[PDB]
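Read the single chain below, which is given as structure tokens and is the form deposited in one PDB entry.
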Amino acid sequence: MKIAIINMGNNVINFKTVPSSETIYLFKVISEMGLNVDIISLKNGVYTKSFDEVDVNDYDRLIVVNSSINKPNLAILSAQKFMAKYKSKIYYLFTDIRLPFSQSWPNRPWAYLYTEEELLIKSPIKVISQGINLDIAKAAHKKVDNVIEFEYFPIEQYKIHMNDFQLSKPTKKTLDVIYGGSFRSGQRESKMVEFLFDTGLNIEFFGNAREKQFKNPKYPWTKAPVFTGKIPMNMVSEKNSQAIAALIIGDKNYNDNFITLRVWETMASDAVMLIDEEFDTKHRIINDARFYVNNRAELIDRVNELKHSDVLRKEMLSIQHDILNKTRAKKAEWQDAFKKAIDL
């Protein structure tokens, strides 16, 4: 059994970006399962083989991640051409709602260098949805003409199942609330302004976001949180640990559907995980109302309660860490489920 992993829209090497980093980490966790796997990208390196140095059909299973299509680039075109020659099923890891599988064929001046068939992917596609709601996954891929099927798998748990995983340790607190991520084209501007702006608390937003991006008049604010630079993925939990609490906010289509990497990065940290009620209305993450907040007013009060009671804060950290460990205890089941998902 030979497996291949390819990032459909981003070059893969080192850990200079979320897509490239997640690809290497997914590659690593799949290898740790006792599976023979290669990462195929633009160039040969310590973690990858080039498209030009391998025969796509020598692989029994082809896993694909990150579809950047929805202005094609070298990575996208090379991936498309590679997938186009593969004669078997493609297993697409749907980890970001905005990035469903799609062919660049429809998507140009440079079109002169490529032909249709050369990029037309005819293989059936199995969408492995990180989200439990498959109707949402189907809707996101409604434009796909390929034969296609769907199945749910909590892909994002690769963080906690990695062999080197460790909970964050008690850390000196210099922040009230922290959130690490990107602006994501303002798709979450309303929630970000609700929970992170004008709270009167000491809040930090780390990652790609900048204050100048929050300019939609529909979501007014007076004072913004402090924005700091991007840091390595393997430093996110340590960064979250500088704060009393770390926030998880809702997103239409993600709500009551996706559990995101952030959930685990936050749960594993020394910061109490506070969740926007709308993101998990049934409290699947933690069956404890103390970890949920409906709006800004509730977030402020909850953070103040945590600051006033070290007992409450430590108790909640103990609870979230325990819950995280209960999931880590199911590693073998998780590994078996992934294997079944890719027909092994």
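For every residue, the number given is its place in the sequence shown, counted from 1. Just so we're on the same page, rigid core means the largest C-alpha set that superposes within 1.5 Å between forms.
The next section is about a form of this same protein that is not shown, the form deposited in another entry.
**Student:** Quick one: once the rigid core is lined up, does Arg184 have its C-alpha move by 2 Å or more between the shown form and the other one?
**Tutor:** Yes, because once the rigid core is superposed, the C-alpha of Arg184 moves 2 Å or more between the shown form and the other one.
**Student:** If you line up the core, does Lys218 shift 2 angstroms or more at its C-alpha between the shown form and the other one?
**Tutor:** Yes, the C-alpha position differs by at least 2 Å between the shown form and the other one.
**Student:** Have a look at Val293 and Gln187: in the other form, are their Cα atoms closer together or farther apart than in this form, given the change is 3 Å or more?
**Tutor:** Nearer in the other form, by 3 Å or more.
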